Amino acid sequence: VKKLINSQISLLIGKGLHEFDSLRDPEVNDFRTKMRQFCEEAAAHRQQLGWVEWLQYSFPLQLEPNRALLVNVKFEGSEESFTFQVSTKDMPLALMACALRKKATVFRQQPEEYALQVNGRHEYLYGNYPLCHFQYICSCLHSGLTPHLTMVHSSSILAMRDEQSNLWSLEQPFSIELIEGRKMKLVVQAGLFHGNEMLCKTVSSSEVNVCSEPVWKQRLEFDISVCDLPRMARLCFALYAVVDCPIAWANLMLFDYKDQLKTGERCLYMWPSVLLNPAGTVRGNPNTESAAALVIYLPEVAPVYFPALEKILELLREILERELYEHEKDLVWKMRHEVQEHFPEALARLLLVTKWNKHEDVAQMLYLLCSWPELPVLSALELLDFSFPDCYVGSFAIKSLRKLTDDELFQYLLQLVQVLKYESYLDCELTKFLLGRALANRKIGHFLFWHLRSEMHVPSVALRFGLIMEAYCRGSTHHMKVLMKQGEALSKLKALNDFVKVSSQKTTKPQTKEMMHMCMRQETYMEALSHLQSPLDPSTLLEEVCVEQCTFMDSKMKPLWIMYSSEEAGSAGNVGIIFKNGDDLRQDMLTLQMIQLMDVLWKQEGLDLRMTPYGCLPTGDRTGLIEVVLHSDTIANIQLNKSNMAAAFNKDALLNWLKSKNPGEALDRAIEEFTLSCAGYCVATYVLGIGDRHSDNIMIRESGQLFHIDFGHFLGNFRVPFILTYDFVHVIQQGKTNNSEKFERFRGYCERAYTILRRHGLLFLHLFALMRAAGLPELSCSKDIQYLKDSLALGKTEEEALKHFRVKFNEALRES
């Protein structure tokens, strides 16, 4: 019985559990235990949660940041439905109060015992809040569509819970003896690093010939006392050749995870190259066989652990804040004590002057860290940055981070996961925290898994991600079932796309399309492809898959197009997803995630650019899912101006198009939608650098809202300036050649959107800092990020920045 599970875990996480054991690594062994029971006691807690507390776990709310409204309401055991009229300002209960009395009359005669399940979705309606504060309601009301809810009893929501049954004396210089290696001449650079910059000095070595397997036994000496290496400090090797050609690199913690200094001899299996790399990880390559190892000797010292801590309890400027000439590092460190007293939110600037190479400053720096008032989240995001490796800051950072909402957590989740690659050991506070939150919220649970599942093909993180995944599973056995269902859909889809690629090679679109439909209609594909939660959205219920509607785009990686339909969800149950295999999909997810962040900040200052935030989810190696936006066409299609329709100038295709989708008065609103979304995405794509936009990767929806697809290009990689296209300019202007009233309302939208993002310019900056961890080729250098500072123009005055933004815009009308 524990063997079925372990086995289902191996399947699910993409690595066999037996590969852990088989490592005889003690660090990994107590990781697996200290975490198995954090997680099971977490689940313990879970199966005794109250019923509403269960709803808040399995189906956490969806929420937006005077008039009336129609709502069909059901019950479980039946199909009889009543329509209502409630306003947008009622609570969920008014509805339920009113829902039972129209029953208490048919069945011929207590609203607090209930919840409104949205229909054919794992979404529910309950709480403090008005009706239109809800993400579904304020959404059905635009679409003007009737909400369809279900009165689900407390007895029913406990039934589901039930189902989910589970020292400092050493003052000589530190040095290593080099030994052998196993792949002109050969060089071996080595630095002592803490975070970003180095403690000691650069230390090359004896030259040898590429005649190698080489042997060095040169005693390599480092410029720093031993009593003064910090608790971290990573030692950082690098192997090249000249008469410079990079070869491999390798890092390692100078201390045991269990705290003690590292002696004495060990073997370093190195990762290759492309030139000395403090940021790569401090575990070694799994490729044992192929891998160039390096062997060194970490010398002896008597069993010196690293001192616990009541015994580091030992001990006009401000044209300053928010790079130095550090004839100013002084006054910062000098009067550090009332930095803490009178300026707490500059903790970071301080750590970035603290001496890590000498333990007296560190002990003193840490001394102010424990008394430090906690920070605002924006600040804690800063401290996660690589250049604050320190266990303690990271503890402080995590400490200040518990004041996150599950909503903001979900909003920064992709970065926090990237941060997991910096961590120097396995059992860190961030991991404990993420699993804590994840186990405590099933939407968080969902997306944490997939952020990890999607990287198990990358050797540098397969072990850690694997390890956490398994823990998550030990604490959520049921949710493991639901994720298998998903991973199997994706397994099959992949096979089906392989077939579609191959088949399309030798035959026509109707033939391959009709062939695919049979592949699908096999018993095995119908079972796998149906009746699962959507990896893109766990409240979306992919149920009965419509094969007649499935197709594939006749382009290079032949993405698939899968429609679905729930009968107990009606029209809002007919949804689709896109399978794409071939491309790395992490670039887009980042882009769509940031854009969605833009729509939140704008909405939080009362500005709705009617944006369009479709899910994008990478699931595996160059493989992931994209969410389908029904009722939408590419501009490029629309502008082909074909015959059929009911356009004398190509300029008018788009507008005519718009007209035919919105006759009578509805064309007013669509133009408006159009104008708003076009302001959003124009500013979105200008701030972010999104390149070569053309009518093939811009889509418009019948409502009018336009949105962008295919985000390959990013942060102005080929300075990307503002773009305004004549033919949306022509739609904005309702047809007219000279509609300055409608066009400048449009310029304002843009200016507002731009200024609102500028006041959070720092959030985006902190968030792009952490993503540097992600290996995204168009996001690695220090000055890919300066693109975002000169976009946001964050170093100018608000009246000045908007001066220059105004130049950029005006030059972009001028193209048309």
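Numbers for residues come from their place in the sequence shown, where the first is 1. In this text, the rigid core denotes the largest set of C-alpha atoms whose superposition between the two forms falls within 1.5 Å.
Engineer: Quick check: by Cα RMS after rigid core superposition, does 133 to 141 or 489 to 497 differ more from this form in 9 other deposited structures of this protein?
Structural biologist: Checking 133 to 141 against 489 to 497 in 9 other deposited structures of this protein, I find the farther stretch is 133 to 141.
Engineer: Do the Cα atoms of 76 to 84 or of 343 to 351 sit farther, on average, from the shown structure in 9 other deposited structures of this protein when the rigid core is superposed?
Structural biologist: The more displaced stretch in 9 other deposited structures of this protein turns out to be 76 to 84.
Engineer: Residue 564: absent from a third or more of the other PDB entries compared?
Structural biologist: No, residue 564 is modelled in every one of the other compared entries that cover both of its flanks.
Engineer: Is it the case that, in at least a third of the other entries compared (those modelling both flanking residues), residue 212 has no coordinates?
Structural biologist: Missing in at least a third of the others, so yes.
Engineer: Could you bin the unmodelled part of the deposited chain lying between residue 243 and residue 244 as none, 1 to 3, 4 to 9, or 10 or more?
Structural biologist: The entry has a long gap there, with 10 or more residues left out between residue 243 and residue 244.
Engineer: Going by the record, give me the number of deposited-sequence residues missing between residue 183 and residue 184 as none, 1 to 3, 4 to 9, or 10 or more.
Structural biologist: Some 4 to 9 residues are missing between them.
Engineer: Comparing 781 to 789 with 39 to 47, which stretch shows the greater average C-alpha B-factor in the deposited entry?
Structural biologist: It is 781 to 789.
Engineer: Do the C-alpha atoms of 686 to 694 or of 618 to 626 have the higher average B factor in the entry?
Structural biologist: Taking the mean B-factor of the alpha carbons in each, 686 to 694 is higher.
Engineer: Please work out which residue in 744, 406, 584, 338 has the highest C-alpha B-factor recorded for this crystal structure.
Structural biologist: Among 744, 406, 584, 338, the highest C-alpha B-factor in the entry belongs to 338.
Engineer: Looking at the C-alpha B-factor values in the deposited entry, which of 707, 449, 84, 714 comes out highest?
Structural biologist: Out of 707, 449, 84, 714, the record gives the largest C-alpha B-factor to 84.
Engineer: Ranked by Cα temperature factor within the chain, is residue 801 in the lowest third, the middle third or the highest third?
Structural biologist: Answer is highest: the recorded C-alpha B-factor places it there.
Engineer: Could you place residue 429 in the lowest, middle or highest third of its chain by Cα temperature factor, using the values in the record?
Structural biologist: Its C-alpha B-factor, which the entry lists for residue 429, ranks in the middle third among residues of this chain.
Engineer: Among the modelled residues of its chain, does the C-alpha B-factor of residue 70 lie in the lowest, middle or highest third?
Structural biologist: Highest third - that is where residue 70 ends up once the chain's C-alpha B-factors are sorted.
Engineer: Where does residue 108 sit by CA temperature factor within its chain: lowest, middle or highest third?
Structural biologist: Ranked within chain, residue 108 CA B lands in the highest tercile.
Engineer: Hey, what third does residue 775 fall into on Cα B-factor, ranked over its chain?
Structural biologist: Answer is middle: the recorded C-alpha B-factor places it there.
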